[PDB]
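So you know, we letter chains A, B, ... as the sequences are listed, proteins then strands, and number each from 1.
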Amino acid sequence: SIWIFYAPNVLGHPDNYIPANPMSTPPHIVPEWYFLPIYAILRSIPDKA
Amino acid sequence: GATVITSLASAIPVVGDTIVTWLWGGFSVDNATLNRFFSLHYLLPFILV
Amino acid sequence: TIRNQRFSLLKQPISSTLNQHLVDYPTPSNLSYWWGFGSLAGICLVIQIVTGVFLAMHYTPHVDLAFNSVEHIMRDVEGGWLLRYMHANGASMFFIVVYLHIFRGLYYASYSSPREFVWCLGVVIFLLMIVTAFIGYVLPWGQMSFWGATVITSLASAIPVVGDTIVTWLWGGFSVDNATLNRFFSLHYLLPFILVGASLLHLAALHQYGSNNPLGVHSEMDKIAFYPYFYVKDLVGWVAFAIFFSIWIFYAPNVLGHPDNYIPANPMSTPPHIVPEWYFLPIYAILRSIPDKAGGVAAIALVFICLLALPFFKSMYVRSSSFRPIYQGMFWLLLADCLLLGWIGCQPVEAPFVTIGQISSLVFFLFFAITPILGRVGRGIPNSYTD
Amino acid sequence: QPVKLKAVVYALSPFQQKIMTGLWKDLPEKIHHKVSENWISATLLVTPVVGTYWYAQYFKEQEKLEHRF
Amino acid sequence: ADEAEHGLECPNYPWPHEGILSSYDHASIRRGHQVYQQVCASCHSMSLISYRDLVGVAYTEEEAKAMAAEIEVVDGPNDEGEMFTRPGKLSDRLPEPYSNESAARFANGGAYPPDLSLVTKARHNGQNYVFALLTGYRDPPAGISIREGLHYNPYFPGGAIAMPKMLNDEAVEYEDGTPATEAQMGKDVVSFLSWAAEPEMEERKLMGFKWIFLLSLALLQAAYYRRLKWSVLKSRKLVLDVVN
Amino acid sequence: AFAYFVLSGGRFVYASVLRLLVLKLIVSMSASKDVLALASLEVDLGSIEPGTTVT
Amino acid sequence: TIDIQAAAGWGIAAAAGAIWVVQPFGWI
Amino acid sequence: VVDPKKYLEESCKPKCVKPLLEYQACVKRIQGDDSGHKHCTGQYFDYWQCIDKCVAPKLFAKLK
Amino acid sequence: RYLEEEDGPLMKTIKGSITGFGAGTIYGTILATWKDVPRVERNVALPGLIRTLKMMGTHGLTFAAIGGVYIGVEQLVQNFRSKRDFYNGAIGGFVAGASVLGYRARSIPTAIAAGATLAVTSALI
Amino acid sequence: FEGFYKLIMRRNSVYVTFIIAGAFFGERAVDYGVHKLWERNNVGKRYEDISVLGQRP
Amino acid sequence: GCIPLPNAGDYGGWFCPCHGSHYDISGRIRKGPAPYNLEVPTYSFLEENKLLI
Amino acid sequence: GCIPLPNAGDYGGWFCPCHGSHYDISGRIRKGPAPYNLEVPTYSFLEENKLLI
Ligand SMILES: CCCCCCCCCCCCCCCCCC(=O)O[C@@H](COC(=O)CCCCCCCCCCCCCCC)COP(=O)(O)OCC[N+](C)(C)C
Ligand SMILES: CCCCCCCCCCCCCCCCCC(=O)O[C@@H](COC(=O)CCCCCCCCCCCCCCC)COP(=O)(O)OC[C@H](O)CO
Ligand SMILES: CCCCCCCCCCCCCCCCCC(=O)O[C@@H](COC(=O)CCCCCCCCCCCCCCC)COP(=O)(O)OC[C@H](O)CO
Ligand SMILES: COC1=C(OC)C(=O)C(C/C=C(\C)CC/C=C(/C)CC/C=C(\C)CC/C=C(\C)CC/C=C(\C)CC/C=C(\C)CCC=C(C)C)=C(C)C1=O
Ligand code: HEM
Ligand code: HEM
Ligand code: HEM
Ligand SMILES: COC1=C(OC)C(=O)C(C/C=C(\C)CC/C=C(/C)CC/C=C(\C)CC/C=C(\C)CCC=C(C)C)=C(C)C1=O
Ligand SMILES: COC1=C(OC)C(=O)C(C/C=C(\C)CC/C=C(\C)CC/C=C(\C)CC/C=C(/C)CCC=C(C)C)=C(C)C1=O
């Protein structure tokens, strides 16, 4: 209830309130916080594969 | 975010690009991707149950 | 025996539940092909779910796009025509198979004790199937879809005080519009899963006591394992059903349907002939046989009330129609009456069909009124027919 | 509850028997049996449907003729 | 009233695409499409058909490309922010005669010429109905009068249609020299419309024949399998103590 | 041996049917014809000042 | 020395099944 | 040239003499007005249902 | 030469079954009257009438079967194939003869003979 | 059939491979035969039989 | 909720195809399950040919 | 598949904001995870101020 009623959008990013633009790209493209550790382990290796 | 995770299949050398374009339903993230995501997103929670 | 070592993998805890419910489950050796239709209905449900999941990848639930999205499924996505014809005629196959199933149950008195709960769960399943198929038929947003949705949501207005508020709550507005279509889409994705759960409960209730048989007698002395005997029998049934379904899909994909639904929904003009799918026609006929709103809705509810009250009638102790000549004849009259109600539902509401529909509805209810009398009287048969 | 049975059953291996010829063996007797046992059932199913259909077509034809100038 | 309300029933015509192994007549499809674009298209839309759909069915790719190039398609907005015009391409849908349904009604005395993309599937006995309607303009029965702006057609429900008779003799000219009588153009345009409503028909019938034959073989095998597994039970000899 | 030979014939058809249905679902997810019809075109452009980039 | 032969047989089966589902004749 | 459907319609008439005569009798019986409500739609329909049934099997043979 | 009818394949089959039961009842009546009565039935009347009526019913049944199946298969051949010739009707004659007369005769030899005969007759038509 | 049994049915892996091969080859053969029947039944009606194909002005 | 077809019925008024409801020329129900007559909305004229609903 | 940022990165070219791929003036990858340089389409000059793709 605290999250719902008093901090509804602090868990997300403001960038998803902008309609999708395939031309431009946000300078800070992040996933939800619960995928962050996986995404860090992905970015660290310097080879795509 | 849809553009990256659907490109993860491109790490496969032989069929990677084929898998990327099959998951997209086209040559880019577009309406087909959204529609198939929505269908998968209704179905997956019952498999989770 | 002491289970120190591992025997058959089938008897290990990984597999034991599946083994005892699916491979080794004791089954009466004299089951006919009329016991194949439950597994057929199960396969129809899986077919509907698979095709509908793949079709939902390309369908847009919006009044400005739904008709066009169907047409795009038919014309643009590869194998789309197949997926659509399979879902649309698989609904019909599902209803054919379930009707054959219900009539096997009525002929062998499979509803009787101790299988009353099986029959009640089946009735609930039939209600779920009807709702699912109807809201699915709304999704193409043709003329048939719009006008059928109009009348079925209007049915709630039969309630005097709160009927209008229920109708407007179901619509999401003062008319059938985009809100109706969008909520009908969500319900259509959801209800199939509840159908799967209800079917599992149905099966568990049936395995409490095991299946009834064509003689209607106690069968514990001659039971055999489901696998492989009834596996291969149901496989014969599965292949025959596949041939039937393929004939419908590839050569007559639109015969079980009305061309009106190929016209986009026009809220201004009702088509001159407005009927549901064939599998709803008997209920349509019973509805229209009452010259009264509330009377018609009450008759529709009384149909399912009678179906639910059937297992609890004090009856004779003989199940199978094979030994009940009067009930057997009444069975073949009820089957004719139901076929007549279906045919009448397809006719315009005018003479002579109003009288025929009224008499047919009366006969349909007379079946359920007369069966308890038959049971009470036939209780005295063993004392009157002496050796 | 298990049943207590006394019986002797003899069985032949499936690979020692003809599998399909029994389908077309004494066919006329099979037809005899299906017709003889089922003719009342078949009458009760078919007669109401065909009679009602025929009466409806007859009514429609006479009504159409009555409204013709 | 009684019979005019439903209309006259259409006959059954022996269409070349009828039969479990019968295809469309593709030359007849091409003739029907020329009839469409020369007579029908001025009032009826075919919003479901693209120029690419004709490729490999009735036209070569270059033929359909030139066809599309002949038409003017709106596009944009440009970098300056204005709608402009460009030649049509293979991916464009067939052009609409009117801007909206209200314009169509205003141009046709209040009646809306329906889209013909699915018309053969959108009427009972569709192909026969369309052929009978197109070739079925004639004088009304004695004592029946038709208001101005309508034309008698017994096939149309009610008998009074807003369409004037359009399949008049030699109303088109055929590229193969086929004499363009009213019946010939009727049959050709119905062939084209039937292809438009069901373009997957030939693939569907081939699939159907193949898989029904294979499934019949599978059914024979399934019967043998079931009876093989059940023979040990069905041929068993059972001895029991009981008599009566 | 005859039985095993006869059963293999229907076991051909079952394998073919399963393959067909799965591949029909997989390929229904692939790019549609309207999507493939829009995969080739040309566009002209002009000039920009040095040191800048236009997308 | 039969598990190796079983592995080879099942490997041949798996290869045959692969070429049969995907049918890569236009790619080879 | 000449449309085969009309020619076939005229050549099929000897098979439809009874409905044709009945339609003609109806026309004669309503040549008087009676407030413009009488008509011969049903007889017209019977005659043309016979003619169309006769013509349909033979039309497409003369067409290409 | 043939434009006096209203047709209807279902009506054709039903009316053929009725004419065949007409003609089989008469034929059975004639057959029953031609034969003698068994010696053990000379002094009793009822069983002779019963046997005559049974022969009537049996022959009506079989002749109705031929007269229905013939036209039914004939129309089911000229509808799906959509052609008019003596080939449609020869197939019907053959199937009617084979099926019914071999069910009654209990002999595959005789069925193929009866079907052959019934075709040559419909063919000569 | 006992000679064919000693080559195909002695091991389930060979039997399974034989089933995979039968599906492949039999489906191809049936497809070819069905297409032959289709072509023989529709002579002159194909797109490739359009007299004026390529000749639209 | 269906739309009754005009010039149809047993009373020269309207006919609803859905369940057979007959309305007379005034819109009054005369035959069928419908319990009410067709609803008259508020309306008025302006001079002779402008009707405001 | 992300789109690199112009005039960003430590090579004067393009920096990808997704996983930190760095491209130089010639659109060549220098550091990060991306394996290949920026794809070169088919372009030409019909005149001094007219390109075409
Ligand atoms: C390259 C080698 C061949 C590869 C194919 C192997 C599989 C072939 C398929 C089987 C073909 C032979 C089918 C049986 C022939 C025998 C016909 C027969 O007589 O009927 C049998 C029963 O057989 C059947 O029931 C027929 C089942 C056939 C199954 C259908 C075969 C499917 C063909 C597959 C072809 C591939 C195309 C499909 C690809 C997807 C009678 O059995 P009984 O009653 O027990 O004995 C009677 C006594 N007496 C011998 C004296 C007559
Ligand atoms: C009992 C076996 C197992 C169960 C299978 C059931 C089979 C019994 C029949 C069940 C009823 C079938 C459906 C009933 C209505 C179908 C008829 C109909 O609705 O009309 C359609 C027509 O119906 C048919 O065409 C029937 C097709 C049947 C398939 C026959 C092809 C067989 C292919 C393989 C040969 C099999 C040989 C096996 C040998 C071992 C549409 O006609 P159309 O004019 O609109 O289109 C023309 C075109 O020809 C149709 O696409
Ligand atoms: C959908 C509801 C319909 C409503 C119908 C309106 C009310 C009617 C209710 C009665 C049902 C109508 C059908 C009843 C007759 C069925 C036909 C019949 O039973 O005839 C048998 C003939 O024997 C009889 O049963 C006649 C009995 C007449 C009734 C006598 C009543 C006293 C018995 C009361 C017992 C009550 C409980 C009985 C339970 C069975 C059949 O003989 P068979 O099949 O064994 O063999 C002969 C045939 O040639 C070969 O198959
Ligand atoms: C900057 O960049 C990045 C982001 O941007 C902002 C991110 O947001 C994230 C975070 C995201 C994640 C951690 C998710 C990563 C993992 C997975 C697997 C995602 C999920 C991927 C999918 C969408 C898979 C979806 C699945 C399918 C398409 C299945 C398709 C097939 C289906 C439905 C059925 C298959 C068909 C058959 C078998 C045929 C028969 C079928 C029957 C049922 C009968 C990362 C890492 C990132 O770097
Ligand atoms: C979760 C499973 C299901 C999904 C996702 C689903 C999805 C869909 C979709 C997207 C449509 C619209 C496309 C179309 O018209 O073809 C549709 C239509 C339909 N569905 Fe379903 N469905 C499911 C299960 C079922 C079941 C179980 C039934 C039958 C009880 C059913 C009956 C129908 C019907 C009758 C239509 C209308 C078909 C037509 O005329 O086109 N569906 N469904
Ligand atoms: C999705 C729909 C359904 C499914 C999947 C299903 C499934 C099954 C299965 C697998 C069986 C056991 C095998 C058989 O008897 O065929 C069965 C039996 C039974 N079913 Fe259902 N069923 C469905 C609907 C219904 C309905 C609608 C009813 C009745 C209103 C019903 C009543 C019964 C009864 C009484 C039995 C016991 C049969 C006997 O023992 O003879 N079922 N069902
Ligand atoms: C060969 C050329 C044409 C064909 C094949 C064709 C086809 C059709 C069809 C199938 C209908 C539907 C009838 C029904 O609802 O049952 C129709 C109606 C109509 N057509 Fe066309 N059409 C053609 C040309 C035209 C032209 C040139 C016009 C106008 C000048 C026109 C105006 C209309 C109108 C107004 C309707 C609706 C009439 C009504 O509902 O009363 N059509 N047409
Ligand atoms: C001409 O007329 C007619 C039609 O037209 C063509 C028809 O088709 C039918 C066919 C309809 C039948 C047989 C019955 C349909 C029955 C039901 C119960 C459907 C009603 C359910 C609906 C609309 C959706 C249910 C909504 C829910 C659960 C709301 C969700 C809310 C929450 C989760 C809180 C009939 C009778 C008819 O006469
Ligand atoms: C002796 O017992 C047996 C019977 O005689 C009584 C049978 O009639 C049947 C056939 C019965 C069934 C399963 C049909 C019932 C219908 C259902 C539940 C349709 C829904 C199907 C699904 C999704 C299966 C649900 C089960 C699970 C665990 C989900 C995971 C599985 C899948 C994704 C498929 C079988 C197999 C059987 O042996």
Side-chain angles (χ1 to χ4, degrees), chain A residues 31-32 34-35 38, chain B residues 1-6 8-9 19-26 29-49, chain C residues 41-62 65-66 69-70 72-74 76-91 93-94 125 128-129 131-141 181-203, chain F residues 18 20-32:
Chain A
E32 317 275 59
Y34 40 82
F35 305 143
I38 261 62
Chain B
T3 310
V4 178
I5 272 57
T6 52
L8 291 173
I19 299 165
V20 166
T21 183
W22 169 93
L23 188 147
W24 277 346
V29 177
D30 217 303
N31 192 68
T33 314
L34 176 63
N35 210 343
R36 81 192 42 201
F37 278 16
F38 181 65
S39 166
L40 295 176
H41 190 63
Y42 213 131
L43 164 77
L44 280 184
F46 296 98
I47 298 157
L48 197 54
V49 159
Chain C
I43 289 197
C44 283
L45 189 42
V46 169
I47 281 172
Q48 286 308 98
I49 290 167
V50 172
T51 53
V53 160
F54 280 80
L55 284 161
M57 298 188 185
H58 305 268
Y59 167 79
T60 304
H62 201 270
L65 303 163
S69 51
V70 177
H72 152 86
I73 288 155
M74 291 289 304
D76 293 315
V77 355
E78 138 63 22
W81 70 256
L82 181 59
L83 293 184
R84 208 249 177 163
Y85 286 154
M86 216 154 156
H87 201 77
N89 296 268
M93 302 299 109
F94 201 6
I125 282 159
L128 288 168
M129 285 180 66
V131 176
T132 298
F134 174 83
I135 64 181
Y137 191 68
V138 178
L139 298 181
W141 209 243
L181 178 61
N182 207 338
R183 71 195 43 199
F184 273 20
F185 178 65
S186 184
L187 291 169
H188 195 69
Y189 219 123
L190 169 73
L191 269 40
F193 294 104
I194 292 164
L195 253 170
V196 166
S199 297
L200 292 170
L201 299 169
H202 190 65
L203 197 36
Chain F
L18 166 63
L20 180 98
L21 288 186
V22 168
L23 276 35
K24 281 298 155 63
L25 298 155
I26 285 298
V27 190
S28 80
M29 290 185 60
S30 93
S32 77

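For the pair C/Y85/C/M74, a side-chain contact is recorded, criterion being any heavy-atom separation below 4.5 Å from C-beta on. Within the 4.5 Å cutoff, the side chain of C/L83 has heavy atoms near those of the F/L25 side chain.
The nearest pair of heavy atoms linking B/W22 to F/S30 is CD1-N, 4.0 Å. Summarising the geometry of C/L139 relative to C/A66, their closest heavy-atom pair is O-CB, 3.6 Å, with the distance given to 0.1 Å. Residue B/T6 comes nearest to B/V20 through the heavy atom pair O-CG2, 3.3 Å, listed as atom of the first residue, atom of the second, then distance. In terms of heavy-atom proximity, F/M29 sits nearest to B/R36 at O-NH1, 2.8 Å. Looking at every heavy atom in both residues, C/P192 comes nearest to C/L187 through CD-O, 4.4 Å.
For C/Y137, the side chain to side chain donor-acceptor pair (under 3.5 Å) test picks out C/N261, C/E277, with sequence neighbours left out.
One N or O on the side chain of B/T21 and one on the backbone of B/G26 form a donor-acceptor pair closer than 3.5 Å. Looking only at distances, no side-chain donor or acceptor of C/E78 sits under 3.5 Å from a matching main-chain atom of F/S32. When atom types are taken as modelled, the side chain of B/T33 and the backbone of B/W24 share a donor-acceptor pair closer than 3.5 angstrom. Counting only distance, with no hydrogens or angles, the side chain of C/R84 and the backbone of C/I73 share no donor-acceptor pair below 3.5 Å. Remark: the backbone N or O of F/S28 is paired with a side-chain donor or acceptor of C/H58 at under 3.5 angstrom. A side-chain donor-acceptor contact under 3.5 Å links C/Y189 to the backbone of B/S39. Of the possible polar contacts, one joining the B/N35 side chain to the C/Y59 backbone as a donor-acceptor pair under 3.5 Å is found.
Enclosure of atom CZ in C/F193 by more than 12 non-hydrogen atoms of other residues, nucleotides or ligands within 6.0 angstrom is indicated.
The distance from atom CG of C/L65 to atom NE2 of C/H72, rounded to the nearest 0.5 Å, is 11.0 Å.
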